Amino acid sequence: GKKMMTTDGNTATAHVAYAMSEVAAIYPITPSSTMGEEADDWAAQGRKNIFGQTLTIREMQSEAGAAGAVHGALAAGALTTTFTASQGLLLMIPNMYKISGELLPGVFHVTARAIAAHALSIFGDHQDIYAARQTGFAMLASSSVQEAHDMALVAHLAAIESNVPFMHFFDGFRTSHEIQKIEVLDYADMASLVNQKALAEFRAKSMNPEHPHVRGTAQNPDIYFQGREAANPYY
Amino acid sequence: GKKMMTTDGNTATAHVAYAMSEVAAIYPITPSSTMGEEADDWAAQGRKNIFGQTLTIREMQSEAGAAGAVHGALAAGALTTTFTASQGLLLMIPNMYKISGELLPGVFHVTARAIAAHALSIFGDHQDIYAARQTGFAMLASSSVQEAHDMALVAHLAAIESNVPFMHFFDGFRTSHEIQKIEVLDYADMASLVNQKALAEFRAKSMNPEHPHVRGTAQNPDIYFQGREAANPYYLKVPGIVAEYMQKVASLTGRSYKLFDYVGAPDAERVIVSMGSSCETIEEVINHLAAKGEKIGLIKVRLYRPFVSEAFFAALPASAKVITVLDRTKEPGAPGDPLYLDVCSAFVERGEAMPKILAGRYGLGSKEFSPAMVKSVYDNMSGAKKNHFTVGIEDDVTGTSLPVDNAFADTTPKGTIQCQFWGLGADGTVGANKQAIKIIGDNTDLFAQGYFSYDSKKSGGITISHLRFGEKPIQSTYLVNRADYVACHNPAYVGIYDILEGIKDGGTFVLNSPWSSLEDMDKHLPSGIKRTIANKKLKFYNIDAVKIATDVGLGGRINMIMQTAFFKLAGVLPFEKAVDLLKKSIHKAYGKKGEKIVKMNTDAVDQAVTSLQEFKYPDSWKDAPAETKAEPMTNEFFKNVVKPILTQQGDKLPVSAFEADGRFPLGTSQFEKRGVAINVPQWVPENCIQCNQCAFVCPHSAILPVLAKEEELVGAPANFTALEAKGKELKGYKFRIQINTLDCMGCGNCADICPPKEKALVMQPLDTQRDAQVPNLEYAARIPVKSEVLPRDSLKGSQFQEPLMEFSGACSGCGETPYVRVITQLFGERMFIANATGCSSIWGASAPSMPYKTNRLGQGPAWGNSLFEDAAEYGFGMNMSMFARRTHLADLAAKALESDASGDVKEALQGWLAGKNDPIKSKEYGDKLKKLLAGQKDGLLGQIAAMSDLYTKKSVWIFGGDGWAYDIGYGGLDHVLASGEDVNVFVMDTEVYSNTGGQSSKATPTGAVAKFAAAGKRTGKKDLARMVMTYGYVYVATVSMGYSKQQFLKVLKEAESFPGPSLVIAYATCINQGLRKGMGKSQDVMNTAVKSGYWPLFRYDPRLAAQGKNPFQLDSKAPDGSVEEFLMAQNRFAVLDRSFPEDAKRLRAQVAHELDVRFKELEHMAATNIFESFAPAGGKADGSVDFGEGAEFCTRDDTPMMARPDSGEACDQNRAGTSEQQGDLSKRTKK
Amino acid sequence: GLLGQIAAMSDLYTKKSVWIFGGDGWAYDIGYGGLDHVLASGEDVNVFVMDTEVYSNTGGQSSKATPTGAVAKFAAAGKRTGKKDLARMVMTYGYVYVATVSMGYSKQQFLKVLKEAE
Amino acid sequence: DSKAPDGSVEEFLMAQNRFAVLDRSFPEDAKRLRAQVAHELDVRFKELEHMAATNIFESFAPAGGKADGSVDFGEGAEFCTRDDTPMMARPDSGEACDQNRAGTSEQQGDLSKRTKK
Amino acid sequence: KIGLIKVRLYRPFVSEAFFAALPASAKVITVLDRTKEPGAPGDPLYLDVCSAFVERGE
Ligand SMILES: CC(=O)c1sc(CCOP(=O)(O)OP(=O)(O)O)c(C)[n+]1Cc1cnc(C)nc1N
Ligand code: SF4
Ligand code: SF4
Ligand code: SF4
Ligand SMILES: [Ca+2]
Ligand SMILES: [Mg+2]
Ligand SMILES: [Mg+2]
């Protein structure tokens, strides 16, 4: 069922992202750090996701490391998420082109924060999400703490069904750190919305030496353009 | 002054960048590498910039380290530059925001190249530059080689005066590698335009402790937005600064530019807006069509950022009714591509006339953008007016493409001669064409262009050269499609490629072949070529170039003969002048080792001119009958996709032929059978000792050891000689070494290594072996591989296993591939491979050729290339999935044990759970579960049954070269090994970045010559192995196949079975190292690298320490004194000895000292009793604790950064002193 | 002329001391590949690492510099891998000056290190 | 510059919450982990002790030489040092060379000696 | 007489869904961006909304 709770945007979204993922690769960066920390706490504590399992979470050396790990977990058929922002999100850009280019159901939760230009700022704006608008991720904004729970959940459900990765984002500090009384969904309600066939087909197409494929080929001018437009139907 | 020069776009822009910069931080990436390499050559040659100094250049570990260095040099008051592209530009983005944020005069020169998404491409488009459009750099595009020079100069000048950094860009390959005759300015001329006041103010505002400031502050919400908008006035002045420098440069060159320039009919009704090399081709087509009355035009964009609408409108005819904006990129899901969106915003802002605006996409990954395509775009604006289209592809899935009519007329200027040359790699064809462009350009008033198309095949590849010569400027930024002259320099191509496609009626065709007679020519020339030669009235010429070169002593080398054919027959120069200039150059270049080599060559020309007579073909050719198709059985995939791509037809494949995510099946290489070897090994069974060493060493899997029982040999050909197998385990078995003569690359390692002094393998010409060995290979391939007879990890038994990586596009003799092939014979059926970009990804997966394959059971390596920098992290990620999913399976198995599942099912589940991390037990029990739960679709057992591809323990491998492991990917490599998880890392150390062209890496050794270490590297090789042995819990080993196949196999087994991280570093020989006797000596060189002590072999095994034994074990011996001959037998060391003998002797001496000290260190290591103990894991359990729980003082500060949902409780913040000072004070005050 | 150019470069006359400062999250993790490269270059730069054995500013996250058994974020039941030995990795080059300090142990050893390193 | 471990590690660790909080919540794991730390430092110090006792050392030179002049790694090589790809193509590449498809120097020589004519 | 269009799905940007939310009476619209792209002819959401209107052709 539904349940009331007073919480911030970061934890309203972590609530959903924990439920909907099997793997998370993390790296600290303000104001998104709370999500990774809550997920790691909850994992250490035995909380179960919609599969009855605890999240497999590891901290990398950088957000570039984190995005590469996310890419590999997705490519090998695990539902995966990450939490980031700002300079951290810019380091994930190269792997975001690969993750969308490979039609993988990844979900990035970002606390939109300013990029360091004349000065650094830990504070909220869309400079960082707009820097990734051409990577091919779908981008879904939440404008309030309550919307952060709901859109997190839509982005996870939509990524599994569409095989297009999503970036769910909400304002750094102004939503991530505002506390409100909202309603959240139990994990069993979330599980009931998953497209089980789309999930089973994501596992079946993933990397496995029992039924292998080659991904990440290098292409000449003869076929690269055709190859890039082949995803159109998915978008 | 002004100087004429035939160069490419990379070198036209480095010319300027060297002049205008004091510092350059560099990193190699195709197609920009050339610029950094020329800057280094010029700095070593003694070239001075405008300050009279040599450029200060340093190579970093990645483009991120390059951008950070550029930032610091700029902040510290030096004019700095960098050269990059694609993935590399993306790594610079974070620092681009800082460089522009701090208003520093930096200039980046980028060769615009595709970003890797469904696939990697090194080819040209604007996907990279547009990803950086919001960084705040000014963005100035050049559209031709000449413009690359001119815009590079405006960019530097404008950068210095405006304090806004510039990105100058030009198309990857289509402009960067096109060669053109252009004009360049002297450095003194460039210097004279520099704003000396602005340069002085740049120096005075820079970082310096004698007048310091603080830069890079952190700002709250109170002031950040004001701070961000304080640079607006600088951004408002840049367009005018650019415009002014365009006029000043023009006053020196006579080449005028505007922010946006217009070309075409002044009253045009249909206008294209475009940027980069496409503009040249569009202009060419406009000149053609507008003279016919078409009301068309083009707006060229030069300054893309800042985007000035008033300058765009200054270029737009008022009569324009329709406008199509072309973008060279794809932003999936956006409402339009960037240029189109900028143009729409100009018209909405204007708020007046709205002339129909269409968006079109073209040229991704250097796809041709030809005149017929431009015609289509203009035809669309008068016809259908299709919006958001694509051009250059057939999009049968979403219907976005425009139909292209290739019957369109040739639009090159009157007078232009267009030539195509079909070459076979290393035949010297490309070299001769380049020399021919130099000779003609330098001795005539003609404009000259060359562009070369290369294969992805590294050896025996096909090259096609596209040359144009004209009296008018050559704007033809597309391949030649209607040639005047076509030359086929390799006879074997005649029956495989469409050599004469597009040749003009009555054009000339020269063939290199020995088919001098009409009976010879009638036997080898396809009926299709006779058809065309006769129906098009071509001037056909046949020359037996190999015969002429052998006769005059040029040893069979045909380049000078074919060069003579061009000069004599291509019509760009009259006979006497051409033949004169040719002979003049054989003096200019050459004269190196005597007048014998100059005479060798001049005679070749003389005989060639004599022999170059028209071939007289009968009329019957006009109707030569079609042939048959002795085509072999292939795949539905090889037939419908790969063969078409291999035969240069990939462009015709519609979007519906490809998977949306870019995947390819395994095993497509099985059908290539290229047969490009000159010589191949012949087996001599009477000498064969049956060791299987030859098959173990082959870099292409071209040796198949056959082990058959007599009944399997019943349907074999008579010459299928087999021996009786030696060995106990083998007995009624027949043994045969079968050569694969069409997949052999002719390196010679196998016969070099064949143990018997009376060799069992002898190199012979291909042609003497194919007719017997091809059918033998085809029969041998149907014989079952006897993988169960000998231990899989034994030398001989390893070669009775199925190799799962065969026939790759690696070079003949490559020192990487032998290793990966045997790794697949040991673990291929259960492996995951995260491959770094490098040679290994290029020979590993260049479409359409896939060398990894499945076994007979359909099992084989799941292989992926993510990026160059993240391979260890991508591999780690695959491990994390396997951890989570196999843990989920274990959890279900435990649940099923507490259910009413049958006893058989519970027994298997119990055995599976007990051995799930064991390869043998998890497959044993998983195979029982596969049987027992077959068909099960409901409940728990149904869930377990659908996870059967997870039952057998997987083996995650991370493969990559030394540039990856020691430089760009080191940080991620080190983190992943420190993780303690079960992944296996195999580094092919070629001691250089090989694929990109031989640049120095931190793995390059002292004294080795490489790009960026052109006087011999002056820092020793980084000791990755000893750095990672400091962890204590990582298995580390070094291997060298030529030294011991035995130690290699042992290392593979020990590394893979280690239940923690493993690192294995292999010595890999490469063409870039210049092996003097040939790559066929690679195994011997690998042996000597170990005997000399240069590459000592060892294994560090933490499970020995866990049992109180020393984990360090030395597997090779003390240096034997042969280093010097090891070094001098490779050109990377020997070139230095020849040119800087003083330096070279000292550097080889240094290497001798380094290896001597490092062997002695490895010896005390193997003698120590002090060792870091081992524990795979154990502990943890359920529950967490925060570091701050129950602390006596606050553990978090008063900032927004440490604030958390549960923080804010009162605590002692250390402002009242220590616990003890506080209690003392209390005792002292009391009351 | 020449003398006016030289005079205009007076802020360059005294030899400068270039220092790179950062914490352990920087040096052991995210900026390690860059630090290793820069040290390997053999140029005259000085790096000073303030090891707090955690990412401090962000909230106390574990880094490769966190030791075994320490509680930190992402090491909520005590860190189960040992501290990375950055000092012994960089000593493998042989041409990099490497030193460790602890002010409360010895002020004198700290001052000698700074003089020798610089 | 410092001396052998004096035995106070336990006191040291337990004086800081980052270790003491583990001891209060997972006492069994904590006492193992604190003992592991004491082992690690014991072993590391012995390692630093033989380093300080060794006579096998990496010598030193700050720099010296180079000068003007450079050479390409493929200059004068007996066989091709570049492949047939677009990635190694350079302005001056394209000359004919032995691409390793006919075997080693000795193999081609011996083969010539077997054919002639 | 005022209103607001709240963007939820920024990418893929669907013009038909944006127009579904725009009142036929709107005479002036201001597109607010929470970013700055120095030198650009406008910020991203503004450019996207300009393209929806040019394409609509009304
Ligand atoms: C194909 C391409 O884009 C590769 S090929 C690789 C050369 C690899 O060297 P290594 O020693 O690791 O491997 P080797 O070739 O076996 O010697 C480089 C430098 N890159 C260029 C490059 C540069 N920088 C970044 C971020 N991405 C890429 N892809
Ligand atoms: S290496 Fe020589 S002796 Fe050994 S199996 Fe091969 S052909 Fe026979
Ligand atoms: S010559 Fe080279 S490619 Fe051919 S079979 Fe021998 S080792 Fe393999
Ligand atoms: S590693 Fe060297 S020999 Fe092997 S494919 Fe690459 S360039 Fe060729
Ligand atoms: Ca292992
Ligand atoms: Mg390499
Ligand atoms: Mg710290």
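Along the chain as shown, the residues are counted starting at 1.
According to its header, the structure was obtained by X-ray crystallography, 1.9 Å.
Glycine residues also receive a Cβ, built from the backbone N, Cα and C atoms like all the rest.
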Further binder of Mg(2+) named by Swiss-Prot next to C:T52, C:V54, taken from the candidates C:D24, C:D29, C:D36: C:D24
DSSP three-state assignment for C:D24 (Mg(2+) binding site): helix
Check: same-chain CB within 8 A of Mg(2+) site center, minus C:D24, C:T52, C:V54: C:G23, C:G25, C:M50, C:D51, C:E53, C:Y55, C:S56, C:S63, C:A65, C:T66
Among C:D24, C:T52, C:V54, C:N57, the one of these recorded positions whose Cβ has the fewest neighbouring Cβ atoms within 10 Å: C:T52
Listed recorded positions with Cβ under 6 Å from ligand 7, out of C:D24, C:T52, C:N57: C:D24, C:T52
Mapped DSSP class for C:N57 (site 'Important for catalytic activity'), helix or strand or coil: coil
